[PDB]
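Please read the structure below before turning to the comments.
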Amino acid sequence: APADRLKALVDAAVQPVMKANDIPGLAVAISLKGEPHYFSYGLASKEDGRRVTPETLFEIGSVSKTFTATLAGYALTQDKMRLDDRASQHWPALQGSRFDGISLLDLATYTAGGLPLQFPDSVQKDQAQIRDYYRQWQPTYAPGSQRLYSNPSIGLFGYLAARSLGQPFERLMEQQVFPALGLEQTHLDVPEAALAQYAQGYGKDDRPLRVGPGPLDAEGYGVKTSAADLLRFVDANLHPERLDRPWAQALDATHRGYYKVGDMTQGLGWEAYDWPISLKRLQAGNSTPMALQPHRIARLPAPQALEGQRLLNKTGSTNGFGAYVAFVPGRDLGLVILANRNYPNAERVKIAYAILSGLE
Ligand SMILES: *C(=O)[C@@H]1[C@H](NS(=O)(=O)O)CCN1C(=O)N[C@@H]1CCCNCC1
Ligand SMILES: [Cl-]
Numbered sequence: 029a030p031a032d033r034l035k036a037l038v039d040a041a042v043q044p045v046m047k048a049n050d051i052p053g054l055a056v057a058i059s060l061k062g063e064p065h066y067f068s069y070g071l072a073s074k075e076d077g078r079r080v081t082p083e084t085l086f087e088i089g090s091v092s093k094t095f096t097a098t099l100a101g102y103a104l105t106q107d108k109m110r111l112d113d114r115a116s117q118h119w120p121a122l123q124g125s126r127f128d129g130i131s132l133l134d135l136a137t138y139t140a141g142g143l144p145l146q147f148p149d150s151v152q153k154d155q156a157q158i159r160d161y162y163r164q165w166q167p168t169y170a171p172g173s174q175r176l177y178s179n180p181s182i183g184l185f186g187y188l189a190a191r192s193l194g195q196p197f198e199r200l201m202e203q204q205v206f207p208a209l210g211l212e213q214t215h216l217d218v219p220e221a222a223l224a225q226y227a228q229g230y231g232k233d234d235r236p237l238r239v240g241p242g243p244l245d246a247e248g249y250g251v252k253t254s255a256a257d258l259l260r261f262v263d264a265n266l267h268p269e270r271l272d273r274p275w276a277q278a279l280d281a282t283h284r285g286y287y288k289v290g291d292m293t294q295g296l297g298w299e300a301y302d303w304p305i306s307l308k309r310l311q312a313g314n315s316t317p318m319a320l321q322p323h324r325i326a327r328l329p330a331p332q333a334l335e336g337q338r339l340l341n342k343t344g345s346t347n348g349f350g351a352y353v354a355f356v357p358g359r360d361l362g363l364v365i366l367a368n369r370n371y372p373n374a375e376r377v378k379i380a381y382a383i384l385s386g387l388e
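Per PDB author numbering, numbering through the sequence shown is continuous, rising by one, with the last residue being 388.
Have a look at this one:
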């Protein structure tokens, strides 16, 4: 009965949403009572007929920021940087710019003062162009006052964390972070030998879409991973004490909240809600206006532990993919939902909520 009921619950949550959003392929992984459960739907490629499995690689877009935050957590708990460091401490090229007056925490939590959603189209994947972009940028409002969700903000945070460790971001992720987490199906640059696992992404008129190079792409949206590997990462987040101490501390650093906007408490990468909360409130926290408009923050008197009766989550999208991850620390419960269409955040949350409600 238990296996039957779980399948029935996940199918009932997933199937209508896949149909309604014309999603070609979708992978679910759930961590429940210390065991993984996988549910795979549809096609990784409509053209060659490759089916989705728990090993299929999907682009996870901004969910990558939780990995970036974990690397920063490592730099922090290793005393190579502090959250109150000024940004220009870690890149001489930024000395004399406005980044003299902007903290690493500001960058990590999108409060540097109006860094935009994405780098402008004019900025290519080039160190000099990126350097010059930040050198010339001026805040719209005071650092530390308003949240504006931003790839160049947290991207710079990750880049500076790598500089503080004296190695390239991409190399640190491949050689240190992914292996520490036990992740062998997680990539910034998918090996040739693994390309058979890489799903096709689909956009308007089902044009094929896989993510191309861009400035600070690794830091902001670099990761391709499987539902199985992403759940392994969720399980590391649920039980950081199962990892060697330096990495346990790194994961813990991503479970600390610094301010609230409405119902959401902002950590490094992760965004947290009280649990239970209504589906409509969780959707609102993951909505377009939340991502696209500046919001005044309510700063906390001290960092808050993001644990117990809370839901931690992150959305992420590329042109052809849409990902969502959510977990409840106090219930040892986690889930990932990966798809090869960028479909509305509210629909991803709707699937997750149906699964979580059914388990409760
Ligand atoms: C991350 O996925 C961010 C936004 N995250 S969310 O939490 O608002 O969903 C959605 C889109 N996004 C991107 O990183 N988009 C990039 C834009 C750079 C160029 N193309 C790659 C996609
Ligand atoms: Cl960007």
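In this text, a Cβ means the ideal position worked out from N, Cα and C, and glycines have one as well.
Query raised in the report: Counting Cβ pairs, one atom from each stretch, are 3 or more of them under 8 Å apart for the region 360-368 and the region 45-63?
Result: yes
Query raised in the report: For ligand 2, which residues count as neighbours when the test is a C-beta closer than 5 Å to any heavy atom?
Result: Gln146, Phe147 and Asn179
Report task. Name the one or two DSSP bridge partners that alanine 57 has. Result -> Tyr66 and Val364
**Report entry** Sub-8 Å separation of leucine 135 and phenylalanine 185 beta-carbons
**Finding:** yes
Query - Own chain partners of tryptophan 165 with C-beta closer than 6 Å, once the 5 adjacent residues on each side are dropped - result: Answer for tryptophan 165: no residue qualifies.
Query raised in the report: Within 7 Å: the Cβ of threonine 343 and any heavy atom of ligand 1?
Result: yes
Requested in this report: State the Cα-Cα distance for the pair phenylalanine 206 and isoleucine 130, rounded to the nearest angstrom.
Outcome: 29 Å
Query raised in the report: Would the C-beta of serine 90 count as close to ligand 1, meaning under 7 Å from any of its heavy atoms?
Result: yes
Requested in this report: Please go through the same chain and pick out, in chain order, the residues whose beta-carbon is closer than 6 Å to the beta-carbon of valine 151, but skip the five residues on each side of it.
Outcome: Close CB contacts of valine 151 within its chain, under the 6 Å cut and outside five residues either way in sequence, are with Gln157, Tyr161 and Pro243 (chain order).
Requested in this report: Please report the residue range of the beta strand (DSSP E) in which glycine 386 lies.
Outcome: Segment 373-387 is the alpha helix (DSSP H) holding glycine 386; no beta strand (DSSP E) there.
Report task. Tell whether a beta-carbon distance below 8 Å holds between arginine 338 and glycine 350. Result -> no
Query raised in the report: Once you ignore the five residues that flank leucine 237 on each side, which residues in its own chain have a CB closer than 7 Å to its CB?
Result: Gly229, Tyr230, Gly231, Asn347 and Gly348
Query - Three-state secondary structure assigned by DSSP to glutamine 123 - result: coil
Report task. Tell whether a beta-carbon distance below 8 Å holds between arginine 324 and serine 90. Result -> Result no, Cβ atoms of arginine 324 and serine 90 do not sit closer than 8 Å.
Query raised in the report: In angstroms, rounded to a whole number, what distance separates the CA positions of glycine 285 and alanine 189?
Result: 19 Å
Query raised in the report: Which value, in whole angstroms, describes the spacing of the CA atoms of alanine 276 and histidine 267?
Result: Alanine 276 and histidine 267: Cα-Cα distance of roughly 8 Å.
Requested in this report: Decide if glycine 336 is buried, meaning its Cβ has at least 16 other Cβ atoms within 10 Å, or exposed.
Outcome: With fewer than 16 other Cβ atoms within 10 Å, it is exposed.
Query raised in the report: Around the C-beta of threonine 168, are 16 or more other C-beta atoms found within 10 angstroms, so that it is buried, or is it exposed?
Result: exposed
Query raised in the report: Looking at C-alpha atoms only, which residue of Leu307, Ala326 and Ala255 is the closest neighbour of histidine 65?
Result: Ranked by Cα distance from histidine 65, the first of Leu307, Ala326 and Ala255 is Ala255.
Requested in this report: Would you check if there are 3 or more beta carbon pairs closer than 8 Å linking the region 371-385 to the region 78-86?
Outcome: Counting C-beta pairs with one atom in each stretch, the region 371-385 and the region 78-86 have fewer than three that are closer than 8 Å, which means they do not touch.
Query raised in the report: How would you call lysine 342, buried or exposed, if buried means at least 16 neighbouring beta carbons within 10 angstroms?
Result: buried
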